[PDB]
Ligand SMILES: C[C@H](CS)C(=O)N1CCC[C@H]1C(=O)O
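Next comes just one chain, in structure tokens: the form solved without the named molecule.
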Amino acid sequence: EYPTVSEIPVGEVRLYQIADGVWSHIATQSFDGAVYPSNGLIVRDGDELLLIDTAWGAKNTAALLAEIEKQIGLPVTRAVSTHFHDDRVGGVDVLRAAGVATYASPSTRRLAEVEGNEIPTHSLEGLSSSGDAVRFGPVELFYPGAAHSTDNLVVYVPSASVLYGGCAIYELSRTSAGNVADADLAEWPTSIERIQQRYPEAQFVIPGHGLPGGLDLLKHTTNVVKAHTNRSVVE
């Protein structure tokens, strides 16, 4: 029942409840002449909500806020962007105008500024070096090292065993490398292994784009990334 790319008109946002107090948000965007889906996370935070990632642009993010109020009815009070690309920070200004406190690591904030992308307000401490983890409300933020980008964070919800990999993790249907312009292809498998070693208890794994699955999304991603490094597509 997870919504697929052809099931979400561009400009609309769907929510999917993964576990008690955990939802993903799903939006779509035109990119490279195709239409791509994109996931973020919503985590219940007492009587408030913690948002992970925007919905890829101002229009989608406004629709995300409206859909959250329609379906959940609790206020989004904080948001964390997991890397500097537009599918993660595009819409930060909308969140800020809606009273959401926006956060990213210093590295993400700097890279967003260099790229010309929206810059989250707050700087997350303690995520500078590969292997660093910090608790942030009801989630753990983890910097596994460079992968899809040098700044990419992953997010674990310990109460629900939900691992949100962001764009460092590919859905199973993705057979080839996606947007790797800013990626560290050489470190990506090592970074995935750090994720596997830290969260072997994860029951649900949410990629940055596409269908959730289990922990075999990690090995699938390593396989695809390694094939790309070797100028190969297998699947």
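We number the residues from 1 along the sequence you see.
There is also a form solved in complex with the named molecule; it is not shown, and the following applies to it.
In this form the binding site remains open, since the named molecule, overlaid from its pose in the deposited bound form, puts no atom within 2.4 angstroms of a backbone or C-beta atom.
Here the chain stands alone, but in the deposited bound form its contact with the named molecule, taken as any heavy atom within 4.5 Å, falls in 28 to 36 among 42 to 50, 28 to 36, 62 to 70, 194 to 202. Note on contacts: among 179, 173, 176, 190, the single residue with a heavy atom within 4.5 Å of the named molecule in the deposited bound form is 179. Proximity of residue 169 to the named molecule in the deposited bound form: non-hydrogen atoms within 4.5 Å are absent; the residue sits far from the partner. Shown alone here, residue 87 lies within 4.5 Å of the named molecule in the deposited bound form, counting heavy atoms only. Shown here without the named molecule, the chain has only 56 in 47 to 71 lying with a heavy atom within 4.5 Å of that partner in the deposited bound form.
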